[PDB]
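K.L.:
coords please:
(chains A, B, C, D, E, F and G, ligands or ions: 6)
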Amino acid sequence: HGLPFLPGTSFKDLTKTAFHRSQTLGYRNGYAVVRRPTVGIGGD
Amino acid sequence: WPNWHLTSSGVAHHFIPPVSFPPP
Amino acid sequence: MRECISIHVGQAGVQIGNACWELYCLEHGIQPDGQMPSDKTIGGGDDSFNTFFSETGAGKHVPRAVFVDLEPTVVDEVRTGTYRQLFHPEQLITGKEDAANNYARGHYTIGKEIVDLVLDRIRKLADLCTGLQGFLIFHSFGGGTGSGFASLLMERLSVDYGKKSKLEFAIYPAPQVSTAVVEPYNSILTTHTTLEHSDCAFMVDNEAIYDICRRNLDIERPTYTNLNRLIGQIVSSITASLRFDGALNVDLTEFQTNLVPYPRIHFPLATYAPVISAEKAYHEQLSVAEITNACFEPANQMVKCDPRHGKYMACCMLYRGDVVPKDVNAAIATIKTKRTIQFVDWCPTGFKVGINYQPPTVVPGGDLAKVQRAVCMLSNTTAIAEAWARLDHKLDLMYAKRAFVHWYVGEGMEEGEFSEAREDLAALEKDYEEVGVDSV
Amino acid sequence: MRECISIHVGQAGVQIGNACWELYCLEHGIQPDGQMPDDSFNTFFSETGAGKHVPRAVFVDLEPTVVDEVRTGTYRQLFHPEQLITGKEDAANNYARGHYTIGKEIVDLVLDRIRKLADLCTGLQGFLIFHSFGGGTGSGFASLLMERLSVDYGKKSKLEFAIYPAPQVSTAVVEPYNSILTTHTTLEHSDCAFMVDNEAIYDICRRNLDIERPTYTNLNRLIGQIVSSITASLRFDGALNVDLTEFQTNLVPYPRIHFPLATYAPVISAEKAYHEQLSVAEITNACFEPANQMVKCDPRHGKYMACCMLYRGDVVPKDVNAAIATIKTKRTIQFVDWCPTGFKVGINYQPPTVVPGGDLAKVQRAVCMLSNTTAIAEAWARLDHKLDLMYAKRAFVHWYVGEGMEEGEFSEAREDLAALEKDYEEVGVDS
Amino acid sequence: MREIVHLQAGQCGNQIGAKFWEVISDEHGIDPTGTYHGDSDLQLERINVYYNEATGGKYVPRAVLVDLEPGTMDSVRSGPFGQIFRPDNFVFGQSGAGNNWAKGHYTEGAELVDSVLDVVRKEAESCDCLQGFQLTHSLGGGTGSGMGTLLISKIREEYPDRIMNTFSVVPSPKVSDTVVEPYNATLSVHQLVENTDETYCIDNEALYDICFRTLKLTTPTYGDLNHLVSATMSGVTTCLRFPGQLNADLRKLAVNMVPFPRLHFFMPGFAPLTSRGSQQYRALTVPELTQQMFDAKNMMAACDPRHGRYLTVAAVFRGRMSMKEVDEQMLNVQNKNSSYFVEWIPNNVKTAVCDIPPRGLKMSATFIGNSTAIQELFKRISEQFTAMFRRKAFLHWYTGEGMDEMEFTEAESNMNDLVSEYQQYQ
Amino acid sequence: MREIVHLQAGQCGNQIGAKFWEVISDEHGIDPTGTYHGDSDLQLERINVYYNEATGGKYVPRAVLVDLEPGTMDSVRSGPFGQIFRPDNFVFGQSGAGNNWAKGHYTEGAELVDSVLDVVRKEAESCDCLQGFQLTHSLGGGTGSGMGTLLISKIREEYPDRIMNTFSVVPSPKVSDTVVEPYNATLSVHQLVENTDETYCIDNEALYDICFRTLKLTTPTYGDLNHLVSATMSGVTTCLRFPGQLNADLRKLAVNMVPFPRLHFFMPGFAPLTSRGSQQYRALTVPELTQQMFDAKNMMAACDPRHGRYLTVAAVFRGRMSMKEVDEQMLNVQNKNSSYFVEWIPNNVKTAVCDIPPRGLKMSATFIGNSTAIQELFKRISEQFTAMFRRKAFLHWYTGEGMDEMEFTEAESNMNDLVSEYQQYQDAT
Amino acid sequence: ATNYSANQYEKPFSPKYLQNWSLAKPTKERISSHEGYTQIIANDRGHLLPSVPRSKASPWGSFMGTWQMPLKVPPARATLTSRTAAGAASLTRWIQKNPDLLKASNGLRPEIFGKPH
Ligand SMILES: Nc1nc2c(ncn2[C@@H]2O[C@H](COP(=O)(O)OP(=O)(O)OP(=O)(O)O)[C@@H](O)[C@H]2O)c(=O)[nH]1
Ligand SMILES: Nc1nc2c(ncn2[C@@H]2O[C@H](COP(=O)(O)OP(=O)(O)OP(=O)(O)O)[C@@H](O)[C@H]2O)c(=O)[nH]1
Ligand SMILES: Nc1nc2c(ncn2[C@@H]2O[C@H](COP(=O)(O)OP(=O)(O)O)[C@@H](O)[C@H]2O)c(=O)[nH]1
Ligand SMILES: Nc1nc2c(ncn2[C@@H]2O[C@H](COP(=O)(O)OP(=O)(O)O)[C@@H](O)[C@H]2O)c(=O)[nH]1
Ligand SMILES: [Mg+2]
Ligand SMILES: [Mg+2]
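P.N.:
Numbers count the residues shown, from 1 in each chain, chains lettered A, B, ... in the order given. Ligands and ions are numbered 1, 2, ... in the order given. The protein structure is shown below:
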């Protein structure tokens, strides 16, 4: 609501059901590959 | 598949389509 | 990454893995044909399935689970049922003759039969793992292949892999009801060899889940399918931290450090708190403090033993869903102010906690109700020693006359391991006596 | 340029060459009547004045039935009628008949045709010999060809693609005699000898492919796939190109030890490629698995001495590098003291060609593995024991003494193979 | 100029550092995409303290995200501010520690410490004049505590003169989140005593108490708990990034609060906290700030200061406030509580005022306090540790990776010596 | 006025050269037809360093493609720039080498070398003032290791006082592409240690790591590793073809780099390489190049420079920049890392700056490092050699080709003396 | 064969990152330095000359199959703390009971860490 970012000025979205995480930091032949992310938590 | 009603694993494990939970 | 490999050995293992993998396909979008539905997104998408599913170049997903049995009957309904296209054909290994409720058949003649093929399949499945947490073993103590072949399997797994985590899941011998009559022999012989090779042995038994489905759920006459569904819910709650976002994550290695204090006490008991019917969810809350207390109820345990008959050595609470950590702290704080629940002296902390955001899903046609909160309780208690006393009495009753032994000595086993396994279990009983005595 | 001449001896050689030349014709645009509806075919075909391409092959048998089947079949217009050499009576499972009495009357004509096929050669890379260790002509006459080819054509590469007698399955009673004699006489005159046996391909066709009761054609198609993968760099583009001369300087450490093995990596049926990916790491390690070898021996009970990696398809060089680096770390795969480097790597772009009526799958990548291992000393000791069973009181020897062969040829072949056994044992001891 | 290389280890370290960079990026007006959108000139002038200059007017943090399993930084990257970190700064292994100190300190922590040392060398030698390092971690975990201790030990032999701070999370008194927590806490404090310059001890129980009683939050999450810790972190270095009537950097607070080298454990606090219906009842005056800063129900550790004596107090103020009022409130606090301040230091309060407050607040203040009530926090861990080590409760998971049993004896000897040393001045 | 004749030997040399000439022609605006359609004017002023003029406005490179068998040239001629070579410069025979050093040196290399040197003399007498030669070859194979060294040996006798440069792909520590690699590597190193003036050892897995960690290309091709090599190959001759505020040809780098005649094995590098997704998180100034050239994980030689000491270091900067920052950074690196530089040379860094950058880039730099940490590359090859040679592992394919047992021993002694010399100069006070 | 060290690039080539999740062969950390050339110790066909000493380890490897693997194989981890001295003696007697498993190419690599009471 344009509130200042202070401790306590956060409100969760209770209608959100999917909480899936992606594997952004994976691996390859021997190398710690790092991928640019395309989806958030839940797949949106 | 006639095992839907003849074996226990068929009636136990057959595909019923999931329903979308949150109402509009 | 964070890959886990499941090994379902035995009829109980396969009929548990059916429910477990139907559940796993239900958490993600995987259908029984092996594919998700179509793309829904330009470019990349979700990758939460990599915990359990390996995905090829097209969009098909293969389970990371080896199904093993020595009898062709139980596996063949997976080859012909709904999930025939999901599994790789070479992932379902069968024999031709089973162990016939004989430990030595499943460990010395038909055990060494097929252990090379499943080891090769495990190697091929572990070659897809960018990051591998550990192996999961599902078996029953009373079986022939669930007791003999599982023991040899974890034996060669420890030989070939070293210190990889081997969390095994067992169906304990129930105190009163049982199916086989040579069952205490199999339980004794499968504890003697895997006393070391198992990192931590999560245990349930059928009778307590029967009582749970009688009282908590409103089903007269449950069968094995409801039990398998509850066990699958427990396994889904255990590994949910590797797949979903949460406030306090937990890996598969943390259980063996927060639950196993001594190198032989690794038999905790599972508990699932909000297992209630949909006709009773209309009336009561499912709050964090209410269902935290329902874990420590003696009637809600998934092993038929009384926690009042022993001391709690450690606990591993796995919360799940819409849980506020302040309520978690308040509930665990008010648990410790009770005299019915007693703790050992040398564990002043007692609790390891974990919080996950993803609520449990609804299997269509299932028994449990849709809830926002769930607890999976893993308790290591000294009260298990009264089950070992009953098991020892059951072995000693028919070992005094040496009955049902010619099936064992005559076929690929000496007699001295019977006495040796009895010594090992008696030593374990004395260890459980020792660790329960307060250093006052 | 880059031309190779194929010599097929005996029934096994002709029936393998049928599948080989079907694969060759379909892999290029060569129609079965010789027409093409580009000159990559010059490694195996020669263009005439009538617009007809003629194979660089000599089909040789001492029995008319299989060559007459070739002459009546669909590929009769493709083959020049003099290329298919035919005798009148075969050796009938006799090494001496195919080496002293029957084959000595057909050898000069075959050499004349080989010379006439070596004048359309601008640069001759070498010859390819297809024969079997158990037959009469396929042992005796195929060995007779080597001693004259080596002295006529000098030091050119002469590859032989042999069929080994299996540990259990065998057809001829007398075949240990043929195998030991033909190994003793070919030991000097051969450069490399890619060996497969029928029982291992039976096991692969039962286990990997879903084919209960297969016939000889299914084995011949797999062997033709091996041959096509070996010489795929002379006809197609390659990131790492392998010639036929590169095999003998890598797979053959010592002049006697020229018996490597063969392995085709993604040998799976068409219904199993849907259920798995076939990346380079998943086909490199399958070559070192004992269930995919094409000789019935366990390499884990021995030591490795050389390895030739022939990748083929959509591969990446770093994928090959990482897959081979993973294998060197495995405890099961164990190399030898005097070979600290292991591997020879070849890379080609063109994927394998699917044959209609074959049993394989349309793969995107494939590997052909050629390993020289010490575990083959089981097969030599086993064949040696089988010969020692019969020769101890002179069984079936009268059929050989009566055909221009001194009885003392058995004994010296036997002690030379004892020397070969000590050779194989003494290269595994460290210092 | 004077830059801070932020380091974070473990799940607690990553989840606190994400909110810290959130608060810092709001304070300087940084876009979620990484650009500059601030509305004042003062937001740019000292942006080089935490950020690095990139191309196109884009700013990237100097953070080094370290974990033995990338499960937590994967969730960090999927947030609203997860794309500002440089992809080369993420360091991850393949196998986790599993709440084991030895796995994070000796065996699995040793295969990854080189790749963290290269990144912190890259982000330290590319500096004009590096001021010091910051570490965010927890003392109850395996990779957080163990890998943070190994990282501090490796950093200190390379830069033996800069500042090394630790905003650690010590274990809770009532409910433990790990069974083996006192073992890790003892083995980590044994390194923190000997290797860090400052250490800010924070209990989650005190944050629960703050969010329940003071803030009136019915259902608080862990993000709201980490917001208070991030506000405490930002209130210390406010003189580096903004001007003031009386400036004080990290080293000035280090000199003025640490009388002896082994006594460097602090209890933090954030002053302007109000309930959700009580803002209209409060007058925004300085005495309200100084009264709520010193209150026992505002400390971020579970040890009220009435159990000991205040060795020193730091109070960094933010906002346009008069000097005489702040000084007279400090003097009144010192004079009205004679017994709770040590008599051998005449002035136990060090003060500092900056003009720019947090946005949305007229005044703000950060409490930093050195008290002899922190030794009862070590006594709890010591007795919980000696209740387990007497019977060798979980030793086979710690001696299985090669640790000697004398390590625990040395750690508990150092803990007891620290407790006795704190008791010497009381 | 300082032209260079290019030699390509073997299939590795041909695959390197086919990409190198595309790089040079893109730099100088030459289409695959051979004509000029460039933009600026400095692209013609020294275009005669690599290109000859032909009647019709067509430019022909001074390349002599040498191989023992024409299979690779069929792929070269069908490439993107296969039509620009003169067809007479392709030299080939009828029989391949089969990864045999003897077959490429003594048996089948003798009938090709006379015509190769005929083409070389033809392309070296049309020069007005010849600067020197180049050679791209690999030390693992048969024709690139035997024929190329024969070319170097019989070119050094012909032209003794011209510079002679080699870009050798020395073998792989981890996984080899040829079973007979120790023999060819030791013999070709023995030939190179008496004949060439500079050598640029390049390993394949160093290129693989550079490609995957720095560039983060998910699927390497060999046409990208050849691009990475040819960027450094076309970086040491930018002061010959473009104006500079500090020029450095091959001769000045040769004088400043090697302190002793037998120590001329270098470590290439390339500064402004960076990932595709990390461009927005990075700046491109002189310190950002300096921190990248002196990183250990940027070498193309797969040997840790922190295991020894730097003797001399080159740096050829390209673009518009200030000499103050470049010189200050070169001093700063030497000062802050005093253990990795020899104390008996006060300055171990040679600096050169050109004006014209590579196209589509701000700045670039090329690292040429003479280090005592190259000795384990020879030690590993020597001990693989003694693992094989004492058993006569594959020696019958060489002794059967008219060779002798003495040549392998001479090669081993000549490499072991090199190892001893580098160790002696590493520990010297 | 001998596994060498990519001295700055050994991190990707270590077996755990190459998806080899089992026990693997050791990699050499350093390379010795020798001078001069080497004597021929073996004649043709690969045989060692009689003057040189051989190795008593048998050829064809040391591989232990399923049926050659002993029943009741010893523990893998085998820690000794919080144990009776007699029981730890029994465990180490169990480990050293079968020496053929400890010297096979594939087998047990137990480490005995800690001390009993
Ligand atoms: N929870 C659960 N337990 C089962 C199920 N099926 C069998 N069991 C248990 O398994 C025990 C018998 O062992 P099984 O697993 O059936 O036998 P097995 O593994 O096939 O071994 P063999 O019969 O000798 O081949 C019974 O006492 C049951 O308690 C099941 O579907 N769910
Ligand atoms: N792979 C394969 N092997 C074959 C085939 N036909 C025959 N063989 C092998 O050949 C061996 C017998 O020799 P043949 O080739 O049949 O006959 P031959 O070599 O001409 O000798 P003679 O019959 O005396 O003229 C058998 O042991 C088979 O294993 C075939 O079609 N494919
Ligand atoms: N106050 C607070 N504590 C946390 C947070 N995240 C984790 N922790 C604490 O961290 C401890 C668990 O250790 P953890 O950091 O997960 O171990 P690690 O992952 O190996 O570093 C628990 O005692 C938690 O109280 C947080 O966001 N806030
Ligand atoms: N960098 C690079 N190396 C190559 C290329 N092609 C082949 N090689 C190398 O060449 C070595 C083998 O040499 P080889 O090709 O047999 O030389 P040849 O005798 O000319 O055929 C291998 O180690 C490869 O790494 C290429 O395109 N680029
Ligand atoms: Mg059964
Ligand atoms: Mg015949």
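K.L.:
Name the helix or strand for the residue in the stretch 301-426 of chain E that chain A sits nearest to, please.
P.N.:
Nearest to chain A in the stretch 301-426 of chain E, going by CB to the nearest CB, is residue E:360, at a distance of 2.6 Å. Any C-beta I mention is one placed from the backbone N, CA and C, and that applies to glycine too. Under the criterion DSSP states H and E, no helix or strand holds residue E:360.
K.L.:
what's the neighbour count on it?
P.N.:
12 (other CB atoms under 10 Å in any protein chain shown).
K.L.:
tell me the contacts of it?
P.N.:
A:3, A:4, A:5, A:6 (CB atoms under 8 Å, 6 or more residues apart in numbering or on different chains).
K.L.:
near chain E, which residues of chain G show up?
P.N.:
With CB under 8 Å from any CB of the partner chain as the criterion, chain G comes near chain E at residues G:11, G:16, G:17, G:77, G:79, G:81, G:82, G:113, G:114, G:115.
K.L.:
remind me, longest helix of chain C?
P.N.:
helix C:416-435 (DSSP state H).
K.L.:
residues in contact with it?
P.N.:
Contacts for helix C:416-435 (CB under 8 Å, 6+ apart): C:188-189, C:191-192, C:195, C:261-262, C:264-265, C:313, C:344, C:382, C:384-385, C:388-389, C:391-392, C:395-396, C:399, C:405, C:408, G:72, G:87.
K.L.:
again, but for stretch C:186-194
P.N.:
With contact meaning CB under 8 Å, 6+ apart, stretch C:186-194 is reached by C:101, C:103, C:107, C:141-144, C:147-148, C:150-151, C:154-155, C:168, C:173, C:180, C:201, C:391, C:395, C:417, C:420-422, C:424-425, C:428, G:72.
K.L.:
From those residues, which land in strands?
P.N.:
Residues of these located in strands (DSSP state E): C:168, C:201.
K.L.:
related to what we said a few turns ago, tell me the most packed of the contacts of residue E:360, by neighbour count.
P.N.:
residue A:6 (19 neighbours).
K.L.:
Report the secondary structure state of that residue.
P.N.:
Classification of residue A:6 using DSSP: H, G, I helix; E, B strand; the rest coil returns coil.
K.L.:
mind checking how far the closest residue to it other than its chain neighbours is from residue E:144?
P.N.:
Among residues not flanking residue A:6 along the chain, residue E:360 sits closest, at 5.9 Å (CB to CB, 6 or more residues apart in numbering or on different chains). Look at residue E:360 and residue E:144: by CB to CB, to the nearest Å, they are 32 Å apart.
K.L.:
contacting residues for residue E:64?
P.N.:
Residues counted as contacts of residue E:64 (CB under 8 Å, 6+ apart) are E:5, E:6, E:7, E:8, E:89, E:91, E:116, E:119, E:120, E:123.
K.L.:
Next, it: phi, psi?
P.N.:
Note on residue E:64: its backbone torsions stand at phi -120, psi 110 [degrees, to the nearest 10].
K.L.:
try residue E:163
P.N.:
Taking degrees, to the nearest 10 as the convention, residue E:163 sits at phi -90, psi 140.
K.L.:
What distance separates the opening and closing residues of stretch C:35-44?
P.N.:
16 Å (CA to CA, to the nearest Å).
K.L.:
That stretch near chain A at all?
P.N.:
Yes - Stretch C:35-44 is in contact with chain A by CB under 8 Å from any CB, via C:41, C:43, C:44.
K.L.:
neighbours of the nearest residue to the first one once chain neighbours are set aside, just the number please.
P.N.:
Spatial nearest neighbour of residue C:41, excluding adjacent residues (CB to CB, 6+ apart): residue A:39 at 7.4 Å. The burial metric for residue A:39, expressed as a neighbour count using other CB under 10 Å, is 18.
K.L.:
could you measure residue A:39 against chain G, distance?
P.N.:
25 Å (CB to the nearest CB, to the nearest Å).
K.L.:
what bridges to the most centrally placed residue in chain C?
P.N.:
Per CA atoms, centre = their mean, the C-alpha nearest to the average position across chain C is that of residue C:169, at 2.6 Å. According to DSSP bridges, the partner residues bridging residue C:169 are residue C:138, residue C:202.
K.L.:
The residue in chain C positioned nearest to ligand 2 and residue G:65, how far apart?
P.N.:
Scanning chain C for the residue nearest ligand 2 gives residue C:90, at 26.3 Å (criterion: CB to the nearest ligand atom). According to CB to CB, residue C:90 stands 22 Å off from residue G:65.
K.L.:
And those two? Which one has more around it.
P.N.:
residue C:90 (17 against 13).
K.L.:
quick one: that one is in a strand?
P.N.:
No - applying three-state DSSP, one finds residue C:90 to be helix, outside a strand.
K.L.:
Name the nearest residue to it, sequence neighbours excluded.
P.N.:
The shortest distance from residue C:90 to any non-neighbouring residue, by CB to CB, 6+ apart, is to residue C:121 (6.6 Å).
K.L.:
Who are the contact partners of the one you found?
P.N.:
C:66, C:90, C:91, C:93.
K.L.:
before we move on, what about residue E:204?
P.N.:
Counting by CB under 8 Å, 6+ apart, residue E:204 has contacts C:329, E:169, E:172, E:177, E:225.
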